[PDB]
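**Student:** Below is the structure I would like to discuss, written out as structure tokens.
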Amino acid sequence: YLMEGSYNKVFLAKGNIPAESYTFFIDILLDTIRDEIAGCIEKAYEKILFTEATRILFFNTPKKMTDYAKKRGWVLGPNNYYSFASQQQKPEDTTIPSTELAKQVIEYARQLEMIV
Amino acid sequence: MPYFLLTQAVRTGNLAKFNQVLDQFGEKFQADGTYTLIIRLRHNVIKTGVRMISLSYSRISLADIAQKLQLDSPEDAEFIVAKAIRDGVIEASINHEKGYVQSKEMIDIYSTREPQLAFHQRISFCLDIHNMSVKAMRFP
Amino acid sequence: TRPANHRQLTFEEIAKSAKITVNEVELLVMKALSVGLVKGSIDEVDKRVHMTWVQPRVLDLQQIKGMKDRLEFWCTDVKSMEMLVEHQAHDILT
Amino acid sequence: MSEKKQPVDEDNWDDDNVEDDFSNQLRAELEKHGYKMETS
Amino acid sequence: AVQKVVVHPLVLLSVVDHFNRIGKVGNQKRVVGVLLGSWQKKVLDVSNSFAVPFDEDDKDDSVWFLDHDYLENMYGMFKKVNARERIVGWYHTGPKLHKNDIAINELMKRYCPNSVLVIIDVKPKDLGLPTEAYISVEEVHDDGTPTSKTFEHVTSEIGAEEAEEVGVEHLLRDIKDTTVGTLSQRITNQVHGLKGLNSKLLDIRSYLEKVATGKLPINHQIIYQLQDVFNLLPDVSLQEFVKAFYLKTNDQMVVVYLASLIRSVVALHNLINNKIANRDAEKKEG
């Protein structure tokens with residue numbers, strides 16, 4: 001379920017465990033999954049509706065989504081959310097890779113001279 | 001033979017086809033102790049199916065894609081793609097309203113980066129052939 | 001005047017500076033095209049104006065200071081990258 | 001060699017990959033291709 | 001007018017050795033002689049020359065005088081032994097000309113319609129290709145000032161024909177020649193960046209210096225115009241320079257493939273023929 005990943009399937013299996021003593025471990029598993037909701041939702045999604053993300057965060061109107069409005073940032077929109085802007089940082093990368101494109105050829109020509 | 005049917009069903013995008021081979025042919029895998037791959041290979045079967053459907057369809061519906069891959073529910077349709085983007089499997093941009101999934105084909109960077117990385121192996125290997133030939137040539 | 005380039009202009013810029021009608025900006029810029037002070041081509045589909053080259057005239061003291069700063073900016077950069085080119089090629093020469 | 005470890009225990013192949021794709025998918029196929037006509 | 005000039009090492013040496021003539025007797029100033037050129041086309045060529053005694057008083061710091069009779073007799077001898085040779089101008093060893101050198105040309109302009117003066121350097125130091133070439137022309141000015149005579153630069157190159165290449169290449173006995181394909185292009189590859197840098201760096205220190213000291217003019221006019229021309233090129237992507245990437249690599253594509261193509265062939269002939277000539281030749285001996 002971690003290659004799926006889960007997220008939700010694990011939330012269905014986390015209700016029923018024998019276990020035993022896994023309570024202390026499934027709380028740590030809880031937090032280490034919940035931050036991954038925030039990390040893996042974007043990038044990259046255009047937008048996600050309010051109550052739709054509230055279905056995964058559970059609770060009712062938690063302060064965890066407010067702390068996420070801080071941590072992510074990212075955007076907080078009315079009755080919706082946004083990945084702006086834009087998707088994000090817009091890598092080109094224009095003349096930045098031309099430096100290492102020249103650089104790789106430097107040592108490549110050096111290998112030609114090592115033959116010689 | 002049993003192993004060959006394994007890889008045969010692995011390259012396919014059908015998940016049930018893959019789960020049948022472990023049931024019938026697992027008895028041979030017990031002797032090889034090869035079960036270590038059989039848990040981690042599922043990740044690769046789902047990634048293969050989604051790769052195919054990614055390049056082969058411009059715009060795909062997340063609800064209608066679950067029936068072909070026996071994904072069974074709408075919720076994991078978002079999960080596979082979420083980690084697909086996280087691992088760089090697909091560049092498509094997805095909108096959640098209904099929701100829907102659209103994909104785009106970008107290129108032209110392409111032969112800038114990939115062939116030079118190969119050339120770094122090609123040329124170094126060719127000069128190594130030259131060094132190994134000189135070594136055995138100088139003995140007389 | 002603009003640091004640019006970013007040398008592309010817009011019809012509203014000439015329409016605000018020259019305070020003339022949009023239909024006359026044509027002969028406006030094209031006269032300069034015939035004179036030769038600028039070679040910039042005009043986009044008449046979006047009415048945008050795309051400047052090319054430039055016509056230098058006189059200078060200012062502030063423009064001399066900005067000059068030598070932007071100028072030395074070139075020497076430091078090209079010397080720093082050039083020394084890398086000779087850096088990897090130094091051991092194979094001797 | 002036979003030393004050490006081993007005593008302890010165009011061509012048609014490139015297209016035979018695609019043929020393997022035909023083996024597990026859509027048979028060949030004649031009959032189904034002829035059966036799909038009268039279904040609708 | 002004149003485009004480029006060609007100066008042989010023989011005549012150049014003929015300036016240097018005369019610098020040894022007046023070197024022991026000294027004292028000040030520089031060697032001044034009259035250049036013998038050969039003009040076969042718009043391109044200019046120099047073969048031989050002859051030195052002339054010249055002394056510059058200091059009082060009188062702009063006083064310059066040459067020997068005309070000696071000029072006549074020596075040029076008559078060189079016209080006697082060589083009919084093709086003739087005076088194309090004059091020369092001095094500099095290292096930097098002085099304002100007084102403007103009239104020196106005007107004297108001998110009766111001998112040659114256009115006399116080109118060639119600076120040389122007897123002590124090689126910097127910054128690259130030696131000597132220099134100047135042509136005397138009048139460009140007037142947009143100010144309407146009286147006509148000012150300023151010498152214009154002519155590109156110079158060292159060359160030879162046949163016999164003059166012999167001795168020059170023979171006497172060195174120092175560095176490899178050339179060798180084309182391996183160490184000819186790489187050494188000059190570093191020469192391109194090195195001689196580009198130091199030229200640019202000395203001159204760009206000059207530009208910053210000209211506004212602090214050296215005013216007037218200096219700047220203007222010639223300075224600001226070429227300044228904007230320097231600001232004409234940033235010069236990179238966006239945009240199409242992005243698209244030159246993969247076609248440059250794609251020009252390398254076939255080249256790497258041809259490389260690996262023949263690399264296996266070299267290993268083929270070498271290893272096959274050698275291993276046979278190794279074991280099959282040794283088995284008959286022992």
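So you can find residues: chains in the structure tokens are A, B, ... in the order shown, residues in each start at 1, and ligands are numbered from 1 in order.
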Give one line per residue of chain D that approaches chain B to at most 9 Å, naming the two atoms of the closest pair and their distance in Å to one decimal, counting only C-alpha atoms; sort by chain then ascending residue number and deliver it as a Markdown table.

**Tutor:**
```
| residue | atom | partner | partner_atom | distance |
| --- | --- | --- | --- | --- |
| D:20 | CA | B:8 | CA | 7.7 |
| D:21 | CA | B:12 | CA | 8.4 |
| D:24 | CA | B:8 | CA | 8.4 |
```

**Student:** Looking only at alpha helix (DSSP H) from DSSP on the backbone, list the matching residues of stretch 9-64 of chain A as a PyMOL selection string.

**Tutor:** chain A and resi 9-13+23-41+50-57+64

**Student:** Those same residues, written as a tab-separated table (two decimals), in the first residue's frame with N, CA, C and O atoms?

**Tutor:**
```
chain	number	residue	atom	x	y	z
A	9	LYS	N	-6.10	3.68	1.53
A	9	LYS	CA	-6.18	2.24	1.79
A	9	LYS	C	-5.62	1.91	3.17
A	9	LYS	O	-6.21	1.13	3.94
A	10	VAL	N	-4.48	2.52	3.52
A	10	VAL	CA	-3.92	2.35	4.86
A	10	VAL	C	-4.86	2.92	5.92
A	10	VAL	O	-4.95	2.40	7.03
A	11	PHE	N	-5.57	4.01	5.60
A	11	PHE	CA	-6.53	4.53	6.57
A	11	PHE	C	-7.66	3.54	6.82
A	11	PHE	O	-8.22	3.51	7.92
A	12	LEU	N	-8.01	2.73	5.82
A	12	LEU	CA	-8.99	1.67	6.07
A	12	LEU	C	-8.38	0.52	6.86
A	12	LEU	O	-9.08	-0.13	7.64
A	13	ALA	N	-7.08	0.24	6.68
A	13	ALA	CA	-6.46	-0.85	7.43
A	13	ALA	C	-5.98	-0.43	8.82
A	13	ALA	O	-5.66	-1.31	9.64
A	23	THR	N	0.00	0.76	18.61
A	23	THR	CA	-0.62	2.07	18.78
A	23	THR	C	0.43	3.17	18.76
A	23	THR	O	0.34	4.14	17.98
A	24	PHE	N	1.48	3.01	19.57
A	24	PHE	CA	2.57	3.98	19.64
A	24	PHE	C	3.27	4.16	18.29
A	24	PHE	O	3.84	5.22	18.02
A	25	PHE	N	3.25	3.13	17.43
A	25	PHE	CA	3.92	3.22	16.14
A	25	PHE	C	3.02	3.79	15.06
A	25	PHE	O	3.50	4.50	14.17
A	26	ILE	N	1.72	3.49	15.11
A	26	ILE	CA	0.79	4.00	14.11
A	26	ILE	C	0.45	5.46	14.35
A	26	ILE	O	-0.09	6.11	13.45
A	27	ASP	N	0.73	6.01	15.54
A	27	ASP	CA	0.65	7.46	15.65
A	27	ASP	C	1.78	8.14	14.86
A	27	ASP	O	1.55	9.11	14.11
A	28	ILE	N	3.00	7.62	14.99
A	28	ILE	CA	4.14	8.12	14.22
A	28	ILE	C	3.89	7.92	12.73
A	28	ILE	O	4.17	8.80	11.90
A	29	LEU	N	3.35	6.75	12.37
A	29	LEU	CA	2.94	6.48	11.00
A	29	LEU	C	1.89	7.49	10.53
A	29	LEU	O	1.92	7.94	9.38
A	30	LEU	N	0.97	7.86	11.42
A	30	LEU	CA	-0.02	8.88	11.10
A	30	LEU	C	0.64	10.18	10.66
A	30	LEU	O	0.43	10.64	9.53
A	31	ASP	N	1.45	10.78	11.54
A	31	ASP	CA	2.02	12.07	11.18
A	31	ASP	C	2.89	11.96	9.92
A	31	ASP	O	2.79	12.80	9.00
A	32	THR	N	3.70	10.90	9.84
A	32	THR	CA	4.60	10.75	8.69
A	32	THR	C	3.84	10.49	7.39
A	32	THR	O	4.42	10.63	6.32
A	33	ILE	N	2.56	10.12	7.47
A	33	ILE	CA	1.72	10.10	6.26
A	33	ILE	C	1.10	11.46	5.99
A	33	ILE	O	1.06	11.93	4.84
A	34	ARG	N	0.61	12.13	7.04
A	34	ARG	CA	-0.15	13.36	6.86
A	34	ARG	C	0.71	14.46	6.23
A	34	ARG	O	0.22	15.21	5.38
A	35	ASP	N	1.98	14.58	6.63
A	35	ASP	CA	2.80	15.57	5.93
A	35	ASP	C	3.01	15.19	4.47
A	35	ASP	O	3.24	16.08	3.64
A	36	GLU	N	2.91	13.90	4.15
A	36	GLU	CA	3.06	13.45	2.77
A	36	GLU	C	1.83	13.72	1.92
A	36	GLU	O	1.94	13.82	0.70
A	37	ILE	N	0.65	13.84	2.54
A	37	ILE	CA	-0.49	14.39	1.80
A	37	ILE	C	-0.12	15.76	1.24
A	37	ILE	O	-0.27	16.02	0.03
A	38	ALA	N	0.41	16.64	2.10
A	38	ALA	CA	0.75	18.00	1.70
A	38	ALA	C	1.90	18.02	0.70
A	38	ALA	O	1.89	18.81	-0.25
A	39	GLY	N	2.91	17.16	0.90
A	39	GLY	CA	4.03	17.14	-0.02
A	39	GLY	C	3.68	16.59	-1.40
A	39	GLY	O	4.14	17.12	-2.41
A	40	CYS	N	2.87	15.54	-1.45
A	40	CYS	CA	2.60	14.82	-2.70
A	40	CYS	C	1.36	15.33	-3.44
A	40	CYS	O	1.16	14.94	-4.59
A	41	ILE	N	0.53	16.16	-2.81
A	41	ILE	CA	-0.60	16.72	-3.56
A	41	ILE	C	-0.11	17.68	-4.64
A	41	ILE	O	-0.61	17.65	-5.78
A	50	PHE	N	-12.06	22.83	-1.75
A	50	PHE	CA	-11.94	22.91	-0.29
A	50	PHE	C	-12.32	21.62	0.43
A	50	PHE	O	-11.46	20.93	1.01
A	51	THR	N	-13.61	21.31	0.43
A	51	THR	CA	-14.10	20.11	1.10
A	51	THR	C	-13.45	18.84	0.57
A	51	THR	O	-13.35	17.85	1.31
A	52	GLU	N	-12.97	18.85	-0.68
A	52	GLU	CA	-12.28	17.69	-1.23
A	52	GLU	C	-10.99	17.39	-0.47
A	52	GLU	O	-10.69	16.22	-0.19
A	53	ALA	N	-10.20	18.41	-0.14
A	53	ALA	CA	-9.02	18.19	0.69
A	53	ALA	C	-9.41	17.94	2.14
A	53	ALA	O	-8.72	17.20	2.86
A	54	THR	N	-10.52	18.53	2.57
A	54	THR	CA	-11.04	18.25	3.91
A	54	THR	C	-11.44	16.78	4.07
A	54	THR	O	-11.46	16.28	5.20
A	55	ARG	N	-11.74	16.07	2.97
A	55	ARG	CA	-12.05	14.65	3.07
A	55	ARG	C	-10.82	13.81	3.42
A	55	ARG	O	-10.96	12.74	4.03
A	56	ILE	N	-9.63	14.26	3.03
A	56	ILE	CA	-8.41	13.53	3.37
A	56	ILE	C	-7.87	13.96	4.73
A	56	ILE	O	-7.42	13.12	5.51
A	57	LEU	N	-7.93	15.26	5.05
A	57	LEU	CA	-7.45	15.68	6.36
A	57	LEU	C	-8.34	15.20	7.51
A	57	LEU	O	-7.91	15.29	8.67
A	64	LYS	N	-4.75	21.94	11.50
A	64	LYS	CA	-3.66	21.40	10.69
A	64	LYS	C	-3.67	21.98	9.29
A	64	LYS	O	-2.61	22.16	8.69
```

**Student:** Taking only C-alpha atoms into account, which residues of chain E are within 10 Å of chain B, as a ChimeraX atom specification?

**Tutor:** /E:242-250,252-253,256-257,259-264,266-268,270-275,277-279,282

**Student:** I'd like the interatomic distance between atom CA of residue E:15 and atom CA of residue E:106, to a tenth of an Å.

**Tutor:** 21.9 Å

**Student:** So which residues touch residue E:30 within 8 Å, counting only C-alpha atoms, skipping near sequence neighbours fewer than 5 positions away, as a PyMOL selection string?

**Tutor:** chain E and resi 92-94

**Student:** Create the file for the chosen residues now, containing N, CA, C and O atoms and written as an mmCIF file, in the first residue's frame.

**Tutor:**
```
data_model
loop_
_atom_site.group_PDB
_atom_site.id
_atom_site.type_symbol
_atom_site.label_atom_id
_atom_site.label_comp_id
_atom_site.auth_asym_id
_atom_site.auth_seq_id
_atom_site.Cartn_x
_atom_site.Cartn_y
_atom_site.Cartn_z
ATOM 1 N N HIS E 92 60.373 52.363 -37.706
ATOM 2 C CA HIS E 92 61.107 52.655 -36.485
ATOM 3 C C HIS E 92 60.798 51.573 -35.463
ATOM 4 O O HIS E 92 59.777 50.887 -35.547
ATOM 5 N N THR E 93 61.694 51.426 -34.491
ATOM 6 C CA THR E 93 61.547 50.398 -33.471
ATOM 7 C C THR E 93 60.756 50.868 -32.255
ATOM 8 O O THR E 93 60.660 50.125 -31.274
ATOM 9 N N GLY E 94 60.195 52.073 -32.294
ATOM 10 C CA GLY E 94 59.311 52.541 -31.242
ATOM 11 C C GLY E 94 59.929 52.640 -29.860
ATOM 12 O O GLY E 94 60.901 53.371 -29.666
#
```

**Student:** To one decimal in Å, tell me the separation between atom CA of residue B:30 and atom CA of residue B:44.

**Tutor:** 21.3 Å

**Student:** What's the 12 Å shell around residue E:128, counting only C-alpha atoms, without same-chain residues fewer than 6 positions away, as a list in words?

**Tutor:** residues 121, 156, 157, 191, 192, 194, 195, 196, 197, 198 and 199 of chain E

**Student:** Near chain A, which residues of chain B fall within 7 Å when you count only C-alpha atoms, and what do they look like as a PDB file with N, CA, C and O atoms, in the first residue's frame?

**Tutor:**
```pdb
ATOM      1  N   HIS B  43       4.732  -2.330  -7.741  1.00  0.00           N
ATOM      2  CA  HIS B  43       5.005  -0.924  -8.017  1.00  0.00           C
ATOM      3  C   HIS B  43       5.396  -0.718  -9.478  1.00  0.00           C
ATOM      4  O   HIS B  43       4.928   0.222 -10.139  1.00  0.00           O
ATOM      5  N   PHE B  79      -3.786   8.756  -6.399  1.00  0.00           N
ATOM      6  CA  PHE B  79      -2.583   8.420  -5.651  1.00  0.00           C
ATOM      7  C   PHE B  79      -1.470   7.978  -6.590  1.00  0.00           C
ATOM      8  O   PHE B  79      -0.330   8.457  -6.497  1.00  0.00           O
ATOM      9  N   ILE B  80      -1.801   7.073  -7.514  1.00  0.00           N
ATOM     10  CA  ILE B  80      -0.818   6.612  -8.493  1.00  0.00           C
ATOM     11  C   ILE B  80      -0.214   7.798  -9.234  1.00  0.00           C
ATOM     12  O   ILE B  80       1.006   7.887  -9.408  1.00  0.00           O
ATOM     13  N   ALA B  82      -0.220  10.980  -8.264  1.00  0.00           N
ATOM     14  CA  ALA B  82       0.511  11.826  -7.327  1.00  0.00           C
ATOM     15  C   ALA B  82       1.958  11.373  -7.203  1.00  0.00           C
ATOM     16  O   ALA B  82       2.895  12.166  -7.378  1.00  0.00           O
ATOM     17  N   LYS B  83       2.166  10.083  -6.930  1.00  0.00           N
ATOM     18  CA  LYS B  83       3.544   9.609  -6.847  1.00  0.00           C
ATOM     19  C   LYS B  83       4.201   9.519  -8.220  1.00  0.00           C
ATOM     20  O   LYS B  83       5.432   9.568  -8.315  1.00  0.00           O
ATOM     21  N   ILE B  85       3.950  11.835 -10.590  1.00  0.00           N
ATOM     22  CA  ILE B  85       4.537  13.164 -10.717  1.00  0.00           C
ATOM     23  C   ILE B  85       5.702  13.318  -9.752  1.00  0.00           C
ATOM     24  O   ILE B  85       6.739  13.899 -10.096  1.00  0.00           O
ATOM     25  N   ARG B  86       5.556  12.802  -8.526  1.00  0.00           N
ATOM     26  CA  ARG B  86       6.629  12.949  -7.546  1.00  0.00           C
ATOM     27  C   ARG B  86       7.917  12.271  -8.001  1.00  0.00           C
ATOM     28  O   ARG B  86       9.012  12.768  -7.713  1.00  0.00           O
ATOM     29  N   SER B  93      -0.380  17.641 -16.413  1.00  0.00           N
ATOM     30  CA  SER B  93      -0.996  18.475 -15.393  1.00  0.00           C
ATOM     31  C   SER B  93      -2.439  18.025 -15.206  1.00  0.00           C
ATOM     32  O   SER B  93      -3.164  17.829 -16.187  1.00  0.00           O
ATOM     33  N   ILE B  94      -2.852  17.853 -13.953  1.00  0.00           N
ATOM     34  CA  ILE B  94      -4.142  17.258 -13.619  1.00  0.00           C
ATOM     35  C   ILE B  94      -4.996  18.294 -12.905  1.00  0.00           C
ATOM     36  O   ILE B  94      -4.518  18.983 -11.996  1.00  0.00           O
ATOM     37  N   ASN B  95      -6.258  18.399 -13.315  1.00  0.00           N
ATOM     38  CA  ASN B  95      -7.232  19.271 -12.675  1.00  0.00           C
ATOM     39  C   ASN B  95      -8.296  18.440 -11.969  1.00  0.00           C
ATOM     40  O   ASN B  95      -8.924  17.569 -12.583  1.00  0.00           O
ATOM     41  N   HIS B  96      -8.500  18.723 -10.685  1.00  0.00           N
ATOM     42  CA  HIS B  96      -9.499  18.047  -9.862  1.00  0.00           C
ATOM     43  C   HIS B  96     -10.720  18.952  -9.762  1.00  0.00           C
ATOM     44  O   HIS B  96     -10.738  19.901  -8.973  1.00  0.00           O
ATOM     45  N   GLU B  97     -11.736  18.668 -10.566  1.00  0.00           N
ATOM     46  CA  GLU B  97     -13.026  19.300 -10.347  1.00  0.00           C
ATOM     47  C   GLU B  97     -14.044  18.174 -10.355  1.00  0.00           C
ATOM     48  O   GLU B  97     -14.734  17.919  -9.362  1.00  0.00           O
ATOM     49  N   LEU B 127      38.174   4.812 -26.007  1.00  0.00           N
ATOM     50  CA  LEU B 127      39.571   5.017 -25.646  1.00  0.00           C
ATOM     51  C   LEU B 127      40.075   3.916 -24.720  1.00  0.00           C
ATOM     52  O   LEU B 127      41.264   3.580 -24.756  1.00  0.00           O
TER      53      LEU B 127
END
```

**Student:** Just list the residues in stretch 21-228 of chain E DSSP gives strand (DSSP E) on the backbone, as number ranges by chain.

**Tutor:** E: 32-39, 44-51, 86-92, 116-119, 134-138, 149-153, 155-158

**Student:** List every residue of stretch 161-223 of chain E that has an atom at most 12 Å from any atom of stretch 41-59 of chain C, giving for each one its closest atom pair and the distance in Å to one decimal, counting only C-alpha atoms, sorted by chain and then by ascending residue number, as a tab-separated table.

**Tutor:**
```
residue	atom	partner	partner_atom	distance
E:219	CA	C:59	CA	9.2
E:220	CA	C:58	CA	7.9
E:221	CA	C:58	CA	8.0
E:222	CA	C:58	CA	10.6
E:223	CA	C:58	CA	10.0
```

**Student:** Selected residues, N, CA, C and O atoms, written as a CSV table (one decimal), in the first residue's frame, please.

**Tutor:**
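And here's selection-v6.csv as it stands now:
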```csv
chain,number,residue,atom,x,y,z
E,219,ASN,N,36.7,60.4,-25.7
E,219,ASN,CA,35.4,60.6,-24.9
E,219,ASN,C,35.0,62.0,-24.7
E,219,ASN,O,35.1,62.5,-23.6
E,220,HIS,N,34.6,62.7,-25.8
E,220,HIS,CA,34.0,62.1,-27.0
E,220,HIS,C,34.9,62.4,-28.2
E,220,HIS,O,35.9,63.2,-28.1
E,221,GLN,N,34.7,61.9,-29.4
E,221,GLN,CA,33.4,61.2,-29.9
E,221,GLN,C,33.6,59.7,-29.9
E,221,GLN,O,32.6,59.0,-29.6
E,222,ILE,N,34.8,59.2,-30.3
E,222,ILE,CA,34.9,57.8,-30.7
E,222,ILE,C,34.6,56.8,-29.6
E,222,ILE,O,34.2,55.7,-29.9
E,223,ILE,N,34.5,57.3,-28.4
E,223,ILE,CA,34.4,56.4,-27.2
E,223,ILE,C,32.9,55.9,-27.1
E,223,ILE,O,32.7,54.7,-27.0
```
